[PDB]
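One structure below.
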Amino acid sequence: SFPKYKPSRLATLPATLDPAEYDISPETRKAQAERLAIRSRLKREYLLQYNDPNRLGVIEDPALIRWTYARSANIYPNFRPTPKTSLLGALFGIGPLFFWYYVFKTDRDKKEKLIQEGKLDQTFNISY
Amino acid sequence: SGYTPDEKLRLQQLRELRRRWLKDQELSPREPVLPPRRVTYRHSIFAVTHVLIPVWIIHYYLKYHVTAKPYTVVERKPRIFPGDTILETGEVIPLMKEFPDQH
Amino acid sequence: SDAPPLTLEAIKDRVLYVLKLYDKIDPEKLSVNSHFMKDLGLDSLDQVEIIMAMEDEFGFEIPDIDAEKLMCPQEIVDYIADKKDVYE
Amino acid sequence: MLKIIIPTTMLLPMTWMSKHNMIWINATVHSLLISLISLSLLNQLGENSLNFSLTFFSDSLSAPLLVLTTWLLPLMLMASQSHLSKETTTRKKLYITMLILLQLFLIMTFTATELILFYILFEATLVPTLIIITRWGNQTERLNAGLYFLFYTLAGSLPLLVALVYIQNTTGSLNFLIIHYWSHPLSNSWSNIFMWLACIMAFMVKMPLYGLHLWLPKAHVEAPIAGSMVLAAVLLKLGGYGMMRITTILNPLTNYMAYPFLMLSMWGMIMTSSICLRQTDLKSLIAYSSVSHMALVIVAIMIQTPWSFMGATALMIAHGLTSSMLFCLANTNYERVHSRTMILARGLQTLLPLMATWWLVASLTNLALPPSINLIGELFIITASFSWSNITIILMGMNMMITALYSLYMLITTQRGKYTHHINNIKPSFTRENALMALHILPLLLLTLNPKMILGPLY
Amino acid sequence: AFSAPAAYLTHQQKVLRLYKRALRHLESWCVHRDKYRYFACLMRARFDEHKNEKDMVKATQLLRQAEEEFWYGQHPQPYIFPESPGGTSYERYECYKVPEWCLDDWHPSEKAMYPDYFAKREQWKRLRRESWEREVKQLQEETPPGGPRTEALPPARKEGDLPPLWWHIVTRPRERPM
Amino acid sequence: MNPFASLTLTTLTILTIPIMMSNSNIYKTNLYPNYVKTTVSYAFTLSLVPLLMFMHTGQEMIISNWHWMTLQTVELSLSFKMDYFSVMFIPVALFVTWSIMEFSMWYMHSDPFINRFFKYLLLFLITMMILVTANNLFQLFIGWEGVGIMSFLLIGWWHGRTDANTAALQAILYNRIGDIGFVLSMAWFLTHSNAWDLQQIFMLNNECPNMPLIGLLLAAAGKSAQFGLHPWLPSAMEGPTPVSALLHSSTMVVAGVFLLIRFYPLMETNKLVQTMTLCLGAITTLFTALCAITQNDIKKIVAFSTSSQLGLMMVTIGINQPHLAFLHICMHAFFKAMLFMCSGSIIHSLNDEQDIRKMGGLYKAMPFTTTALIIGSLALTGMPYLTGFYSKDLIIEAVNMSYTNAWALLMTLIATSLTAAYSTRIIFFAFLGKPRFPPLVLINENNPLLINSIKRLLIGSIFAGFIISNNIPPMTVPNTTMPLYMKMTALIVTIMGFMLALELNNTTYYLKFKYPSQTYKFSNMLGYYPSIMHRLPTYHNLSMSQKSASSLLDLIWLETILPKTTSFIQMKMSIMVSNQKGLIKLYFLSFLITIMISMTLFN
Ligand SMILES: CCCCCCCCCCCCCCCCCC(=O)OC[C@H](COP(=O)([O-])OCC(O)COP(=O)([O-])OC[C@@H](COC(=O)CCCCCCCCCCCCCCCCC)OC(=O)CCCCCCCCCCCCCCCCC)OC(=O)CCCCCCCCCCCCCCCCC
Ligand SMILES: CCCCCCCCCCCCCCCCC[C@@H](O)O[C@H](CO[C@H](O)CCCCCCCCCCCCCCC)COP(=O)(O)OCC[N+](C)(C)C
Ligand SMILES: CCCCCCCC/C=C/CCCCCCCC(=O)OC[C@H](COP(=O)(O)OCCN)OC(=O)CCCCCCC/C=C/CCCCCCCC
Ligand SMILES: CCCCCCCCCCCC(=O)SCCNC(=O)CCNC(=O)[C@H](O)C(C)(C)COP(=O)(O)O
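Quick look at the structure:
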């Protein structure tokens, strides 16, 4: 035996170490066959549109259009106010602002006090 | 395993077409048709137009514009050692305290 | 670079050279079109070792999918010529 | 000041009485001549101002903006000449008329001795931009973008008119000179707090502020190239000019009042620079970069120190030129590809080398590479913020890094790598486009020789 | 890279690929030639022991277990050929690969130079225009109904026919154009 | 009048002329690289004169020639400092660049864009001269950013390669991380000292506080590739070999160390920042040598050697010996540049092969590169009377004869051991064993350019240390007395490293194989630092930049608050108000209600 490799999010499982591949069944073979059939149909369509001499333009890719539209324009109509959405939005949109306001306010209060008592030694400070 | 016969035939035809294209990519001896139309010696001119000329401008620009303004070019006030004499004044720095010299 | 423009003759010569230094094959029986599985009685592992030798000889490695379906020296030469864009 | 205004007005009859195939030539030549005329205003004094008359004055804050506004029109005409080719003469003349009216409104806005006249012209600039966006726009969302752009502006600016008329009722004058000499402190009162908010939010919305920046990506993406140029180069600077003009009356209330805005901008520059990293659109990426730069300008104006004001002026000019160049480059790509998505057309350096050089220079000047005026404003604002508080630098640091990242990202996605195999309609770049990029970029590298010319009145 | 992929990998394909990877990584481990030869022969001998095994379940047990061993001792920095997908010169010359249709955009003053090349290119364009029109019908008639099942193309079967979808395979720029 | 200023400005000015002529016709011919090389050589031989004037007199000067913008009290001007550091570094850099271009004329013979390559090299040289001769912080920042941008352009020379672009963006990212501290230092100095000028800063800062020095240290760590920001230097080997030999080895990467040298009057007056610099240098040199002793790519090994030398340089800085660190910079330039010349010659002769597993017997197969690499390795290790010995021996003596950290001293000694280790590793795996390259032998050196370029740096790496050490004025107190065992510590450590690494490499011929341990895996994958730090943060950033900043707030909630709420409210109000069935019964009932309400409410 040898020490086991533990997969993670940023270091996935190796292709040859998946327990699923060794479990072969006729259903799995049919699934792979139809997957490659879809891939080959798409490849055939792309090459048919690609090789033609008459065509002199960018080939339009419905997958790319769907990707961009879903990323940009399909977000809000599918939004639902949810405790997860509400809490994450409130945190990520309010917490940093108040954190930085507190930090800067404390820093400026300390500086103002130090300049009131005058123990700040602002010699040669002429540009602001 | 191995190539299927249809794969063999397709590879043969594609490969002969590829060689024909590659052979067609060559140039004839007259292919670059260039249309002509106009309107120590190497190191002698270069040392003048790349060294002598640039230093003429910079020395003129430094001696006559930059040093015209105060504090633009500041030197180091070179070291003064005992026993030295100064051209401007002519006086001599007195020697040292004659330390005991041994080894 | 300063690399000489290798040709089909050089490719085939080097292929047959590597195959003749393969002691599992007697040199006088092999040929350009001689098969590997049947004409020389070589194992599939022997064929992939031949692929090893080819890759170490020409300085480039052939993908496994193309390599596993190469059974003749002639078609190997043709494939490598296609990869290297050899004219003659 | 009429020596500039009258030729701009005469641009309209000249355009409408032009021969059907000589409008572009006539417009570009006379626009360049008017720009040359505008150059006279740059010779400012260390004294008060260039008070031409009771209605218009000049300032070394107003003069660079006026020069940039005049210079932008020939570039907009050259950029618009391409996609308006299949268009009737009447509608092309209407487009040129709208551009001329926009220039005239901006020119009168930047001089504007009186605040109500400034507000009237400041809101008059809104109509030509709205019509350009909603008429000569390609997508179907140009109507929604125009609605957003109109209503954000008007919601911000309607309280400003009430505040201005109230201020004139109390003080007795809205004139800039009188206001500056007779400025009196504002007591920390609820009414004074709301007056401050009404005076500030109208200019805050147009920068725009991080909270109120939504209209800008829509308006920039959906507008034509001339609309995008005028929005990114000049229309965003109106808010900064208005704040610098109106902040004098606001003190000493600004210190307490400024914190919500200072925090919003310091976090929103990071947010928008980070948004730029994950974008599928060139125009949206440029819009968000503009939002980040204008958030920094907001910080500079709110700090309200001399170095802050000089940095804000320099950054406004530099950002205007750089963003106009970036939008022009994206439009040159779009006119060939018709997709306006970065990941589709790739490896354009192999096919268009000079255009790739232009891309590199534009991305470098957006990155604030020294000694460009972009970094001059960047560094002045950063130093002023550090003097304001030694912690701000950390945020500023992040911003700089993130900025560089997405800039080079935009340079790497579209120019480097392997060209898409299928696209074959990428024709060689025209002389017009190369001239457009050269005319965009040369003024920046000329101005870096004379930075004081764009450092504002506090130089 | 040239041949179309298969719907799956058989057991013998997997064992051959594992043999290839293991031998390459052992060569990476064994820098010197004699040491590599000795250990490669030892590994080949070990490999051949289970060659006549007939149990499929046992066959599944073999190699997959070996794969775990291979993963444990896989030489984290293996040798890669310079032009291979991990090599130091994998895509050095992709920036020099200019498409052919770009020549259609050359100025006539540029096309004045190299006239024979452009004449041959015109002949190629004529051949492509005819051959593509033939190929569309040929592929339409030869393709199975309901769409293709494997992305492999048939060869030409007539006399004047050309391989279907040939233009962008024959007209590759070069391996080292400049 | 005092030709020092005229000559020291003329060198930099004539360094720019080929950039001006880059638009001329000569740029379209094959004579452009020779033009640039001749210009560089003339610049070097012309800059040799101010060096002689300094050696004779010790003459120092400041040239503030052009007045830039002046803001209030502060004045910004084009000012050049020609101190000992500038007048000493300029000839060395010009000589190295001359050798690099002579080598590149042959190494880039088949590159279609060779004129642009030479132009890129000259631009980098000009920018580094600007950086070195800067008298104020703004000009120094100009050079700081220019060298970084030229490095970005040169690393991604082959823009069709994804990994080259990735490495260039990595270099930019790390340099911006350092730029943060640089900008912090500039802001602090302007605010407190009221100037960016070097003279004013020294004068008004008798006891420099922590913050500006921490900013300077952060910038130096960023640009010198210290342990915190190291991986970009090894990843920068994606560029052409001349680029790695000129920029990332001997001229550019000493920018941070040079910057810390420039501010040595303020460095010596603070004790904490000195300790941080010393510890950072020690950990960097240890980690980089540890990574080097186990690599297979020759370029990676030599780049890690460069990073370890930079760590040793900052160790020298931390013990308050800036001039000795400058001497180390000058000597390391020579011998490490020649080391890359040898490596690139090997790579080109083996048909672009960089792995040492495919190179065997080259001691006889290629002798001149062999002797050059041997001399370079000996100089790096520190052979008595060699160029390396003058600097590195004094480094070891000063670190040993100082009130320093015990751990830092131990790590420096171990780093010396590992330096010897990877030196003998390179020699053994590239020069001694049986050949392992492909059978088609294309080994050739008979080319005047390569031989001359290598032999010039050979003469340098032989005699420069001696001549420079005996020609420069004395600047520090010597360790003139020392224990005999502690005087020989450097030599005994070097010989121990030699013998132990040789013995460990000699066991590879044995016909026994075992799986690697955890230490070998840790050292081979670069401490696992490039893995985790290049996968965990970036993802965690990028995902957020899409999930929180882009979609959650910008696309949804900011949209929900102002516009969508207004639209919904106005829609509901309009629907409620306008939905009247047209029955005047209801209208007049409402009229009665409002009439009575008005009668009851408004009086
Ligand atoms: C005061 C008296 C002064 C005198 C002192 C004594 C004088 C000398 C006595 C000798 C002492 C040891 C010297 C031998 C070094 C070992 C060499 C060796 O056998 O390597 C093969 C062997 C494994 O080889 P392999 O896996 O079969 O590789 C397959 C092939 O060989 C693949 O081979 P390849 O062809 O791929 O490449 C070959 C390469 C590959 O070989 C390697 O893998 C290298 C890795 C180990 C060598 C590195 C040693 C440097 C130690 C510094 C560590 C700093 C602290 C790090 C802290 C880590 C914290 C976890 O090997 C080399 O090139 C040479 C290696 C470097 C040796 C030359 C210089 C070392 C001598 C100097 C050491 C100190 C003296 C300083 C002098 C000044 C006087 C004070 O390495 C080891 O077994 C490791 C031994 C020592 C490693 C220490 C780290 C253990 C950490 C465990 C955990 C500890 C607790 C931490 C808790 C922390 C929680 C907070
Ligand atoms: C959405 C995207 C961004 C949009 C723009 C946002 C920026 C505008 C936000 C305005 C900033 C704050 C407004 C008022 C600040 C006054 C200072 C106050 O916060 O501090 C304490 C005030 O205490 C409490 O804050 C009292 C007010 C509480 C009621 C305000 C609502 C709080 C949250 C509402 C936020 C919604 C804003 C958007 C509306 C559409 C001090 O106590 P006190 O000494 O007694 O009052 C001093 C002022 N005096 C002298 C005039 C009397
Ligand atoms: C998002 C913008 C920030 C919004 C912050 C607050 C939002 C909530 C307020 C909603 C609207 C409230 C309307 C009523 C406010 C009453 C304020 C007021 O009357 O002060 C007027 C004050 C004193 O009144 P007098 O009676 O004359 O003094 C005599 C005794 N001292 O005089 C003035 O300054 C007049 C100026 C007009 C005030 C502006 C009112 C609107 C709110 C301010 C603008 C902020 C919202 C901007 C919208 C942003 C969209 C882009
Ligand atoms: C350095 C890194 C370490 C790597 C560790 C590697 C572990 C090696 C040990 C694995 C043990 C095995 O053999 S794995 C056991 C897998 N099962 C079988 O081998 C059953 C039938 N064999 C076949 O079918 C083959 O194809 C064959 C007949 C050989 C040729 O076929 P050809 O006739 O079609 O060429």
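As you go down the protein sequences, you meet chains G, X, D, R, F and W in turn. If you're matching positions, the first sequence starts at 2 in UniProt numbering and goes up one per residue. Numbers 2 to 40, 64 to 127, taken from UniProt numbering, label the letters of the second sequence in order. If you're matching positions, the third sequence starts at 69 in UniProt numbering and goes up one per residue. If you're matching positions, the fourth sequence starts at 1 in UniProt numbering and goes up one per residue. If you're matching positions, the fifth sequence starts at 2 in UniProt numbering and goes up one per residue. If you're matching positions, the sixth sequence starts at 1 in UniProt numbering and goes up one per residue. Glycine included, each C-beta is placed from N, C-alpha and C at the ideal position.
Query	Result
Nearest-angstrom Cα separation, counted from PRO178 (chain F) out to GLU32 (chain X)	18 Å
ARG45 (chain G) beta carbon less than 8 Å from that of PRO6 (chain F)	no
Reference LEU444 (chain R); option with closest CA among R:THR403, R:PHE430, R:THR383, R:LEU369	R:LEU369
Contact with chain W by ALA71 (chain D), beta-carbon distance below 8 Å	yes
Same chain only: Cβ atoms within 7 Å of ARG135 (chain F), ignoring 5 sequence neighbours per side	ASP162
Endpoints, the beta strand (DSSP E) within which residue 671 (chain W) is located	Lying outside 1 to 603, the shown extent of chain W, residue 671 (chain W) is not represented and no answer is given.
CB contact check: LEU140 (chain F) to chain D, cutoff 8 Å	no
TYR37 (chain F) Cβ short of 7 Å to ligand 1 heavy atom set	no
Local conformation of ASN65 (chain W) per DSSP, three classes	strand
Nearest-angstrom Cα separation, counted from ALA79 (chain R) out to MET533 (chain W)	45 Å
Touching by the beta-carbon criterion (3+ pairs, under 8 Å), the region 55-71 of chain R and the region 311-325 of chain R	yes
Option in W:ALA171, W:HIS159, W:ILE301, W:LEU310 with minimal Cα separation from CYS279 (chain W)	W:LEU310
Test: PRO94 (chain X) CB closer than 8 Å to a CB of chain W	no
Supposed contact pair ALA236 (chain W) and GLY181 (chain W) - C-beta distance, whole angstroms, cut 8 Å	Not confirmed; about 21 Å, so no contact.
The region 414-424 of chain R in contact with the region 92-101 of chain D per 3-pair CB rule at 8 Å	no
Inter-stretch contact (C-beta, 8 Å, three-pair minimum) for the region 256-276 of chain R and the region 346-365 of chain R	no
Pocket of ligand 3 (residues with CB nearer than 5 Å to any heavy atom), chain order	R:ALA155, R:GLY156, R:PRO159, R:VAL162, R:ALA163, R:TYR166, R:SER191, R:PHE194, R:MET195, R:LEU197, R:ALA198, R:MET201, R:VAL205
Any heavy atom of ligand 4 nearer than 5 Å to the CB - residues listed	D:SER112, F:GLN13, F:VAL16, F:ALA23, F:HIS26, F:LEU27, F:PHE48, F:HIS51, F:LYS52, F:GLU54, F:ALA60, F:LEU63, F:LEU64, F:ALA67, F:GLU70, F:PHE71, F:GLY74
Residue range of the unbroken alpha helix (DSSP H) whose run includes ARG25 (chain F)	12-30
Where the region 108-141 of chain F meets chain X: residues whose CB sits under 9 Å from a CB there	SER110, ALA113, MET114, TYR115, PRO116, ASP117, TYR118, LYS121, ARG122, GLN124, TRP125
Where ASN470 (chain W) falls: helix, strand or coil (DSSP)	helix
Within chain F, partners of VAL116 (chain D) - CB distance below 7 Å	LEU17, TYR20, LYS21
Straight-line gap, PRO155 (chain F) to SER41 (chain G) (C-alpha atoms, nearest Å)	14 Å
DSSP bridge partner residues for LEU50 (chain R) (one or two, in chain order)	R:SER58
Closest residue to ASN506 (chain W) among W:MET488, W:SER349, W:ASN452, W:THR424 (Cα-Cα distance)	W:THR424
Any chain F beta carbon closer than 8 Å to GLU32 (chain X)	yes
Burial state of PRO94 (chain X), where buried means 16 or more other Cβ atoms lie within 10 Å	exposed
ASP122 (chain G) in three-state terms, based on DSSP	coil
Whole-angstrom distance between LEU154 (chain W) and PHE124 (chain W), CA atom to CA atom	9 Å
Through-space distance from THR70 (chain W) to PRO3 (chain W), alpha-carbon basis	29 Å
Local conformation of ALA303 (chain W) per DSSP, three classes	helix
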